[PDB]
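Coordinates as given in model-v5.txt (compact mmCIF, C-alpha atoms):
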# COMPACT_ATOMS: atom_id res chain seq x y z
CA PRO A 52 114.06 87.99 93.63
CA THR A 53 111.40 86.18 91.62
CA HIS A 54 111.05 88.17 88.41
CA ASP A 55 113.40 89.73 85.84
CA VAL A 56 116.37 87.63 86.99
CA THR A 57 116.08 84.07 85.70
CA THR A 58 114.27 82.88 82.58
CA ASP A 59 111.54 80.25 82.53
CA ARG A 60 112.07 79.17 78.91
CA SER A 61 114.03 76.22 77.55
CA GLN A 62 117.74 77.01 77.83
CA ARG A 63 120.81 74.99 78.78
CA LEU A 64 123.46 76.07 81.24
CA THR A 65 126.49 74.39 79.64
CA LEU A 66 126.81 73.92 75.88
CA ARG A 67 129.09 71.46 74.08
CA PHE A 68 130.95 72.75 71.02
CA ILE A 69 132.56 70.38 68.51
CA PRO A 70 135.27 71.76 66.16
CA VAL A 71 134.14 72.87 62.73
CA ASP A 72 137.62 72.24 61.32
CA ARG A 73 140.65 70.67 62.97
CA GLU A 74 144.25 69.97 61.98
CA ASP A 75 146.67 67.42 63.42
CA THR A 76 150.15 68.73 62.67
CA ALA A 77 153.21 66.76 63.81
CA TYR A 78 154.00 69.37 66.47
CA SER A 79 150.68 71.19 66.98
CA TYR A 80 146.92 70.58 66.96
CA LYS A 81 144.44 73.18 65.71
CA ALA A 82 140.75 73.32 66.65
CA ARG A 83 138.32 75.86 65.19
CA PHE A 84 134.96 76.33 66.90
CA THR A 85 131.71 78.24 66.51
CA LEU A 86 131.13 79.97 69.85
CA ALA A 87 127.50 80.78 69.10
CA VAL A 88 125.92 82.90 71.83
CA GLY A 89 122.19 82.74 71.20
CA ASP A 90 119.45 85.33 71.43
CA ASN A 91 119.08 87.15 74.77
CA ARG A 92 122.06 85.45 76.41
CA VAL A 93 125.37 86.51 77.92
CA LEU A 94 128.56 84.45 78.08
CA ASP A 95 131.36 85.30 80.45
CA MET A 96 134.44 83.83 78.77
CA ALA A 97 135.82 82.76 82.17
CA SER A 98 133.30 79.90 82.03
CA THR A 99 134.70 78.80 78.67
CA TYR A 100 137.41 76.15 78.49
CA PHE A 101 138.72 73.40 76.24
CA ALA B 352 124.81 76.31 66.42
CA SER B 353 123.97 75.04 69.92
CA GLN B 354 124.60 71.28 69.45
CA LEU B 355 121.44 70.64 71.46
CA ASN B 356 121.08 66.87 71.26
CA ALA B 357 117.65 65.87 69.95
CA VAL B 358 118.15 62.19 70.83
CA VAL B 359 117.24 61.40 74.45
CA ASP B 360 117.61 57.64 74.59
CA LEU B 361 116.50 55.55 77.57
CA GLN B 362 117.72 52.13 78.68
CA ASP B 363 114.21 50.72 79.29
CA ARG B 364 113.14 51.54 75.74
CA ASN B 365 113.38 48.80 73.10
CA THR B 366 113.95 50.50 69.75
CA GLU B 367 114.71 47.23 67.96
CA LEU B 368 111.49 45.48 68.99
CA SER B 369 109.59 48.71 68.28
CA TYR B 370 110.84 48.46 64.68
CA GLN B 371 110.30 44.71 64.27
CA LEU B 372 106.68 45.12 65.36
CA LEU B 373 106.34 48.25 63.21
CA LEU B 374 107.20 46.48 59.95
CA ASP B 375 104.65 43.81 60.86
CA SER B 376 101.85 46.37 60.87
CA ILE B 377 102.71 48.49 57.82
CA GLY B 378 103.70 45.70 55.44
CA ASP B 379 103.74 42.06 54.33
CA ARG B 380 106.51 40.82 56.61
CA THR B 381 106.92 37.54 54.68
CA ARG B 382 108.57 39.47 51.80
CA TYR B 383 112.34 39.78 51.59
CA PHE B 384 114.06 43.16 51.19
CA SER B 385 117.81 42.71 50.78
CA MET B 386 118.67 46.39 51.19
CA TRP B 387 117.72 46.66 54.86
CA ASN B 388 118.44 42.90 55.17
CA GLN B 389 114.72 42.64 55.85
CA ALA B 390 114.21 38.88 56.04
CA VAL B 391 112.18 37.80 59.04
CA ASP B 392 113.20 34.88 61.25
CA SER B 393 110.81 32.04 60.47
CA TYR B 394 110.97 28.42 61.57
CA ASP B 395 109.63 25.52 59.57
CA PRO B 396 106.17 24.54 60.87
CA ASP B 397 106.83 20.83 60.32
CA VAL B 398 109.97 21.04 62.48
CA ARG B 399 108.55 22.95 65.46
CA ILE B 400 105.23 21.08 65.62
CA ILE B 401 105.67 17.48 64.46
structure tokens encoding of this file:
Amino acid sequence: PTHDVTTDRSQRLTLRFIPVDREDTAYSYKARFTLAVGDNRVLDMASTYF
Amino acid sequence: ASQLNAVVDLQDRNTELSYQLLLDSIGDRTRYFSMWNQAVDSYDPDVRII
């Protein structure tokens, strides 16, 4: 199908997310992100990984 | 939000020479500016040409 499936605008497939705040404990390591899904997008969380 | 990188840098660009030639055009390059370490390489004209 040619229409109403895939956009023709500027949009990346994979996005890189850097931690907003992190913590390096002696036994753990925390990483807090902003998983910002933009306008008119869907994100299946199976594609997300660290 | 997206971390869409606005810097697309190419290996066959010369950013340094683009800035050395830029300060030639928009200013008296013989003047010394210690803050950007702006002091142009200049030989002595009696040493190069005897």
- Residues of chain B within 10 Å of chain A, all atoms listed in the file counted, as a VMD selection string: chain B and resid 352 to 356
- Query: Which residues come within 12 Å of residue B:383, counting all atoms listed in the file, excluding same-chain residues fewer than 5 positions away, as a VMD selection string?
  - Reply: chain B and resid 374 378 388 to 393
- Need the neighbours of (137.5, 73.0, 65.4): which residues are at most 7 Å away, counting only C-alpha atoms, as a ChimeraX atom specification? /A:69-73,81-84
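A straight line drawn from atom CA of residue A:95 to atom CA of residue B:357 is 26.0 Å long.
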- To one decimal in Å, tell me the separation between atom CA of residue B:395 and atom CA of residue B:377.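 Atom-to-atom, atom CA of residue B:395 and atom CA of residue B:377 are spaced 24.1 Å apart.
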- Task: Would you mind reading off the distance between atom CA of residue B:371 and atom CA of residue B:384, one decimal, in Å?
- Result: 13.7 Å
- Item | Residue neighbourhood stretch 57-61 of chain A, 12 Å, all atoms listed in the file, exclusion window fewer than 5 positions, as a list in words |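 Everything that qualifies: residues 52, 91 and 92 of chain A; 355 of chain B.
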Selected residues written out with C-alpha atoms, as a CSV table (one decimal), keeping the file's coordinate frame:
chain,number,residue,atom,x,y,z
A,52,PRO,CA,114.1,88.0,93.6
A,91,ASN,CA,119.1,87.2,74.8
A,92,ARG,CA,122.1,85.4,76.4
B,355,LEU,CA,121.4,70.6,71.5
